[PDB]
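Each answer follows from the model by the rule given with it, or from the source it names; these are not laboratory values. Here the Cβ positions follow ideal geometry from the backbone for every residue, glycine too, while neighbour counts run over all protein chains shown.
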Amino acid sequence: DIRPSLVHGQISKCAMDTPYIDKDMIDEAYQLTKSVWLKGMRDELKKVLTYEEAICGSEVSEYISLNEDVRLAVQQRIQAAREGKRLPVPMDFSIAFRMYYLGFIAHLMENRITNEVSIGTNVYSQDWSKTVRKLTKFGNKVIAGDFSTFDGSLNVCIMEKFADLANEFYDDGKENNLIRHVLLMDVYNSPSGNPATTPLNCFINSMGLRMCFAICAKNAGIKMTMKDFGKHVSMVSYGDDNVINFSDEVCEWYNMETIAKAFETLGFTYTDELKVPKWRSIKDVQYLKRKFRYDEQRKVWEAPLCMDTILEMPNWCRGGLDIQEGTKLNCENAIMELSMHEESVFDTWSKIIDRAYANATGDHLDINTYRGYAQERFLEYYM
């Protein structure tokens, strides 16, 4: 349901590990990751949702947001799950997953960034600065990339540890533990992201980057174990995209080149989306399709969108019974998202995008100034 806006086209070893040898390596990364993920859990979120609270939402957290048919499916799916069986997957799934996992997801969202899960990041708030704090915490060296499985022999062993982790959070006993393991088995079968894979993928990032530390250390004779991960690496992930900060000490043997190889021995492909240097500065990486920029005048950390994504934004509309409103909002968002860019840039494209909407609609966009946009963010998230 997408069509063009009123201003459309006017904006111009060499092996692979097996589950047998890495059983203890995984079981130790789970322990090191539990220590981090469960920091800050409140008993107020450790409850299984209802069909209503899954569908409509609860108010226990701000992150908890063909009628009796779907509700009956969900009830039959949880019964199969309770009995240890699995049903086919795709809508009754998502609901049953949310019922049994969204408390945990909300917990992670409430303690975000510092627990390496950046699900919930408010790009325009201090969360960007709080993220730059985390990624410049052991040095000026960072890498950023994204993983893809090509052999899930080891991914499955890691994945079952995600349910184990959520089961530890909720602490609700054997029957709900099994439901959580059974639901997770079809997670894959069912910048936004859904609450089924993105937390899980976050977990694989937190877990695999620890295993690579252990692997990369033994490969290089470093006298460090996975426990030392805490003293040289600080990372955040969003699904399967990550930014990794590492100490200058470990820099030479745990960089982007050695981490990528360590991933291949677990079945993964770690790729650098900004083509490979062994490391980089935080002002060169990209995350959630944005960068990290410091305005050497307003003294703040800001998250400018890709120019490609910003300029392709006034070009389209949701097909409906408002299309001038679509072109309006998207031109306004695109200018607002230009506000976090370098002011030179904002002057150039706010003019173009605004002249186009007017010189096509006989209207004018409801925009702000470079300073004004900044101030509306300052007034909202910083004091």
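Just a few scattered comments:
- Only one of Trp253, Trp301, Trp316 that is under 25 Å from the mean Cα position of the chain (by Cα) and among the hydrophobic types (A, V, I, L, M, F, W, C): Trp301
- Cβ-Cβ contacts under 6 Å between residues 6 or more apart (or on different chains), taken from a first residue in the range 302-324 that is among the hydroxyl-bearing types (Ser, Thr, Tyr) to a second residue that is part of a loop (DSSP other than H, G, I, E, B), are listed as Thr309/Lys289.
- Complete set of residues in the range 85-98 that are within 16 Å of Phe162 (Cα to Cα) and not aromatic (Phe, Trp, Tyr): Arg98
- Qualifying residue in the range 167-180 (condition: among the small types (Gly, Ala, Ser) and either in a helix (DSSP H, G or I) or touching an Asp or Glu at 6+ places or on another chain (Cβ under 9 Å) (or both)): no
- Residues satisfying the stated conditions in the range 328-342, i.e. part of a helix (DSSP H, G or I) and either crowded, with 16+ Cβ neighbours inside 10 Å or hydroxyl-bearing (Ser, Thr, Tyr) (or both): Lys328, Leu329, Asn330, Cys331, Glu332, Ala334, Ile335, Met336, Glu337, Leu338
- Whenever a residue of the range 53-66 is under 15 Å from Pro195 (Cα atoms), its partners that are among the basic types (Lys, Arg) and surrounded by 15 or more Cβ atoms within 10 Å (Cβ to Cβ), lying with C-beta atoms within less than 7 angstrom and at least six residues away or across chains, give the pairs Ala54/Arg98.
- Of all the numbered requirements in (1) over 13 Å from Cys202 (Cβ atoms); (2) assigned to a helix (DSSP H, G or I); (3) over 14 Å from the mean Cα position of the chain (by Cα), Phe138 misses one, and that requirement is (2).
- Selection over the range 153-174 of residues that are among the hydrophobic types (A, V, I, L, M, F, W, C) and within 9 Å of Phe104 (Cβ to Cβ) gives a count of 3.
- Which listed residue, of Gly362, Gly372, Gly320, is in contact with a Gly (Cβ under 9 Å, 6 or more places away or on another chain) and surrounded by fewer than 14 Cβ atoms within 10 Å (Cβ to Cβ): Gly320
- For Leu379, the conditions (1) exposed (fewer than 13 other Cβ atoms within 10 Å of the Cβ); (2) among the aliphatic types (A, V, I, L, M); (3) in contact with a helix residue (DSSP H, G or I) (Cβ under 9 Å, 6 or more places away or on another chain) are fulfilled apart from (3).
- Test: residue in the range 144-157 that is among the polar types (S, T, N, Q), closer than 23 Å to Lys291 by Cβ and assigned to a helix (DSSP H, G or I): no
- When every residue of the range 173-191 is checked against the conditions, at least one turns out to be in the same structural domain as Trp37 (by TED's automatic domain parsing), surrounded by 22 or more Cβ atoms within 10 Å (Cβ to Cβ), over 30 Å from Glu380 (Cα atoms) and not aliphatic (A, V, I, L, M).
- Exactly one residue out of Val285, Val345 is surrounded by fewer than 18 Cβ atoms within 10 Å (Cβ to Cβ) and β-branched (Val, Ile, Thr), and it is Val345.
- A single member of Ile119, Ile143 is surrounded by 14 or more Cβ atoms within 10 Å (Cβ to Cβ) and not assigned by TED's automatic domain parsing to the domain that holds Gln31, and it is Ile119.
- Any hit, the range 10-27, residues being more than 30 Å from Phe263 (Cα to Cα) and surrounded by fewer than 16 Cβ atoms within 10 Å (Cβ to Cβ): yes
- Cβ pairs under 7 Å, 6+ apart, first in the range 153-168 and of a type in the set (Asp, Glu), second in a helix (DSSP H, G or I): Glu160/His181; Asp164/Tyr30; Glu168/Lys34
- Residue match in the range 253-269 (condition: closer than 27 Å to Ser129 by Cβ, part of a loop (DSSP other than H, G, I, E, B) and out of contact with any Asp or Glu (no Cβ under 6 Å at 6 or more places or on another chain)): yes
- Considering the range 291-317, the residues that are part of a loop (DSSP other than H, G, I, E, B) and acidic (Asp, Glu) include one that is surrounded by the fewest Cβ atoms within 10 Å (Cβ to Cβ), namely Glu296.
- Number of the condition not met by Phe93 [criteria: (1) in a loop (DSSP other than H, G, I, E, B); (2) in contact with a helix residue (DSSP H, G or I) (Cβ under 8 Å, 6 or more places away or on another chain); (3) at negative phi]: (1)
- Filtering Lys141, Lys174 for residues that are out of contact with any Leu (no Cβ under 7 Å at 6 or more places or on another chain) and within 30 Å of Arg293 (Cβ to Cβ) leaves a single hit, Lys141.
- Of all residues assigned to the range 259-281, none qualifies as being among the hydroxyl-bearing types (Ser, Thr, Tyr), touching a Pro at 6+ places or on another chain (Cβ under 6 Å) and farther than 15 Å from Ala144 by Cα.
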